[PDB]
Amino acid sequence: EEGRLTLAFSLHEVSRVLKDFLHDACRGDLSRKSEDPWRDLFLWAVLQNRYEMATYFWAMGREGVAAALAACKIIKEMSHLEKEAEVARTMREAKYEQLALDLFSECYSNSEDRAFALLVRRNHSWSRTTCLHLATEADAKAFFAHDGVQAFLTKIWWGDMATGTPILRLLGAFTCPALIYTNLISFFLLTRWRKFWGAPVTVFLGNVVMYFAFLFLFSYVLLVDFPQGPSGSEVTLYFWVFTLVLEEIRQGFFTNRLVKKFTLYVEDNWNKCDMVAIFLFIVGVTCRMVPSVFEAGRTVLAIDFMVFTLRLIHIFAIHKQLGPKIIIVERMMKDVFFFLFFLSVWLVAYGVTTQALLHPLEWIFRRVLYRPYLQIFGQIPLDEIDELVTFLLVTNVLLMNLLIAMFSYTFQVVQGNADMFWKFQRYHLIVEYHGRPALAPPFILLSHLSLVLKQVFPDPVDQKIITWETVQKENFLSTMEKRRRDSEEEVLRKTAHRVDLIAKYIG
Amino acid sequence: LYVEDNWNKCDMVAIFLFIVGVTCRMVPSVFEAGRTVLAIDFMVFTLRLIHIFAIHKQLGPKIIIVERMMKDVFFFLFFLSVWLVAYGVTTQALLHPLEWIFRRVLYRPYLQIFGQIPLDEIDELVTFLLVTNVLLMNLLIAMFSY
Amino acid sequence: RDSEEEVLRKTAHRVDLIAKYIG
């Protein structure tokens, strides 16, 4: 209808429907028999929400796990767009991701080196797209969780057996510039140089170091900064913040509709943490751009700097140990809120009634808010309080009990997040780094200069790997099939059918 | 092999304490230091003997659990202290305050955690001192249940 | 009816019956 208005189905019609759901860079003589038909058959089945014939189709298709994830995404789109909530859930019961996981599983146990090749391909079967591209575009969480997924990631983390080597030896070799040519740690001078400054652990360390020193030095110069704004502070601005915005944006601004891309860059929740610091950067910039209020010009940078600690705090996320820490904290805070508000309301009630019995703007706000909160912190000035009990007991009791009990269960949920938020958080960070330019924040200015200057200036193996996939796939099929034949319950049922038949014959 | 086992290393510190205090007494130039050396060293005694509780069935698992608890506490503690330092730096800026500076920056707030709150030196960052204080205790304690 | 335990019980009853007939 809409297409007609701009001018009952079509090749153009179904093609637009597809590109709408899969959003891929993948597109499109009715007499012409079309290529690789099992594909389109799978397509039609999935749309019709017929899991079974879909599965049979799946078997026919030469494509591997990548198609399956495509199914996952289309199914997600249809499930939320489904009207009949019963039909919505039934559609929501496909588990095509589970199947794709199976394919990847037998793929890894098969080759585990050709498998790593597999996931990194461009399946022309969806217009030469990379598997993970689909994985992301589908939020392939569980698929991201197959141990091989992490295999490919960790493998690409350094490129020079970084995972195999230890961190203590890693930083030591990072200390002496010739350690790679020294052969003390695993890895001519150009080869070693490319290796050491070419790793994602490498740039990760480098940027972390440059940023930490930026934070400490700007901290130090906040003392000299104590017209609103001195010279060296302006230096620190132009020297860290400017490049940061270049460093801060660029990596997110132009990923690979420009406005849509920008929206995507400022869409993720994790970035928003930086967003506050970015706002802190510009706001403090304006404050130094103002010597009328030196006190305020100092307050602005004073508050702003803590953003530094918050953004870097993400860095603990990559480490395995802190993997689940960020996962649990948000839940804990949420649990604390709801209880805290009620607790504070009850405390206010008891304080109000107590105050009325005693019968004794800035000072009032102080004596009403700062006094009892400090009474919670061991500052009890009896000289100002000594010449409501039911509240201060029952609320004090219920509040602590509720949040703490919730938190035990919250911690159980956190264990679930250890399984979940931890590993998932690792993968996103790994993907993000690989795209981060290697040079640290100081050298980030030079890296940006070089990039802007640059802007101003197989098939046999493919078919072989595909065949590997196909063989493994049929193997998976036969494996499940033999398991089902050996269904001991099915065994008994078959035996019983034979039994009753034979008894009838004896009769 | 003899100096390979982890348990022996506890003694190793005491052994080092023995030789080091030996040298300190082998030195009358600094009586104060000669006293500080044995003073510190002696506690090694308590630590090595503390193994003896290990043989008893009741304390059998106590040493097993303590190392894990300490490890769980570390990682959380470092982040918690970092956040506390952030909020304190924020406060000092508005507050506008080598040995005395180190004192007022480190001994003052740690003793503020231990009930020594000298309002005469503090009274004429909130988001931090709340959210870090919350998350830190929750994390380590939950980890500790497990 | 599809009670698998009931299935087995019924099969066994048939089994013993058929065995008796064979005897």
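Residues numbered from 1 in each chain as written, not as in the entry; some residues may be left out. Chains lettered and ligands numbered in written order. Part of a larger assembly, values for the part shown. Heavy atoms only, no water. Residues with missing side-chain atoms left out of burial classes, pairs and counts.

Labelled according to the PDB entry, chain B appears under the name Transient receptor potential cation channel subfamily M member 5, originating from Rattus norvegicus. For this structure, the PDB header gives the title as "Cryo-EM structure of the rat TRPM5 channel in trace calcium, trace-3".

Chain A is annotated in the PDB entry as Transient receptor potential cation channel subfamily M member 5 of Rattus norvegicus.

## Examining the overall build of chain B
Let me state the cut-off plainly: By definition, any uninterrupted DSSP run of H or I lasting at least four residues is a helix, any uninterrupted run of E lasting at least two residues is a strand, and each is numbered from the N terminus. Every radius of gyration here is taken over C-alpha atoms, with the globule rule written as 2.2 Å times N^0.38, N being the number of residues.
Helix and strand content of chain B: 7 helices and 0 strands. Going from N to C terminus, chain B has its helices and strands arranged as α-α-α-α-α-α-α. At 21 Å, chain B has a C-alpha radius of gyration far larger than the 15 Å of a compact globule built from 146 residues. Taken along the three principal axes of its C-alpha coordinates, chain B extends 55 × 50 × 25 Å.

## Some details on the overall build of chain A
When helices and strands are counted, chain A shows 27 helices and 2 strands. Relative to a compact globule of 507 residues, whose C-alpha radius of gyration would be 23 Å, chain A shows 31 Å and is clearly more extended. C-alpha atoms of chain A, sized along the principal axes, occupy 105 × 75 × 65 Å.

## Thoughts on the interface of chain B and chain A
Just so we agree on the cut-off: Contact between two residues is taken to exist if any of their heavy atoms lie within 4.5 Å; hydrogens are not considered. Polar here means any residue outside two lists: the nonpolar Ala, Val, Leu, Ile, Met, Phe, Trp, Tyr, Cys and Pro, and the charged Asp, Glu, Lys and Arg; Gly therefore counts as polar.
Listed as interface residues are 4 residues of chain B and, on the opposing side, 4 residues of chain A. Within the side of chain B that touches chain A, the residues separate by chemical class into 4 nonpolar, no polar and no charged.

## Points about the packing of helix α21 (residues 325-358) of chain A against helix α24 (residues 389-434) of chain A
Describing two packed helices takes the angle between their axes plus the distance from one axis to the other. Residue and element names in this part refer to chain A. The line we're drawing: Under this scheme, a helix contributes an axis fitted over its contacting stretch, all axes are lines through C-alpha atoms, and angles between N-to-C directions fall in the 0 to 180 degree range. Throughout, the term roughly parallel applies to angles under 35 degrees, roughly antiparallel to angles over 145, roughly perpendicular to angles from 65 to 115, and oblique to all others.
It is at 8 Å that the axes of α21 and α24 come closest, and there the two elements cross at 170°. For the element pair α21 / α24, the angle class is roughly antiparallel. Of the residues in α24, those touching α21 at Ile327, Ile328, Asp335, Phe339, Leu343, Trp346 and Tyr350 are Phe391, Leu392, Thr395, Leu399, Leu403, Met406, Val414, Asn417 and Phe421. Residue classes in the contact of α21 with α24 are distributed as 13 nonpolar, 2 polar and 1 charged.

## Structural notes on helix α2 (residues 11-22) of chain A
This is how the line gets drawn: In a helix, the anticipated span is given by 1.5 Å times the number of residues less one.
Between the first and last C-alpha of α2 of chain A there are 16 Å, a value that for 12 residues agrees with the 16 Å anticipated at 1.5 Å per step. Backbone geometry just downstream of α2 of chain A places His23 of chain A in the positive-phi region, at approximately 50°.

## Thoughts on unusual backbone geometry
Residues and elements named next belong to chain A. Positioned with a positive phi, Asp139 is a non-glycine residue whose angle comes to about 55°. Among the secondary structure elements, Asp139 is positioned in the loop between α9 (131-137) and α10 (141-144). The residue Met161 is not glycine, and still its phi comes out positive at about 55°.

## Examining the packing of helix α4 (residues 62-95) of chain B against helix α7 (residues 126-145) of chain B
Residue and element names in this part refer to chain B. It is at 9 Å that the axes of α4 and α7 come closest, and there the two elements cross at 175°. The angle between the axes of α4 and α7 places the two elements in the roughly antiparallel class. Contacts between α4 and α7 involve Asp72, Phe76, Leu80, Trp83 and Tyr87 on the former and, on the latter, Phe128, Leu129, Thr132, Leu136, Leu140 and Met143. The residue makeup of the contact of α4 with α7, split by class, is 9 nonpolar, 1 polar and 1 charged.

## Section: the environment of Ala138 of chain A
All names here are of chain A. Note that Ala138 resides in the loop between α9 and α10. Placed 66 residues apart in sequence, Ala138 and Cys72 show a C-alpha to C-alpha distance of 6.7 Å. Not counting residues up to four positions away in its chain, the partners in contact with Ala138 are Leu69 and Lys73.

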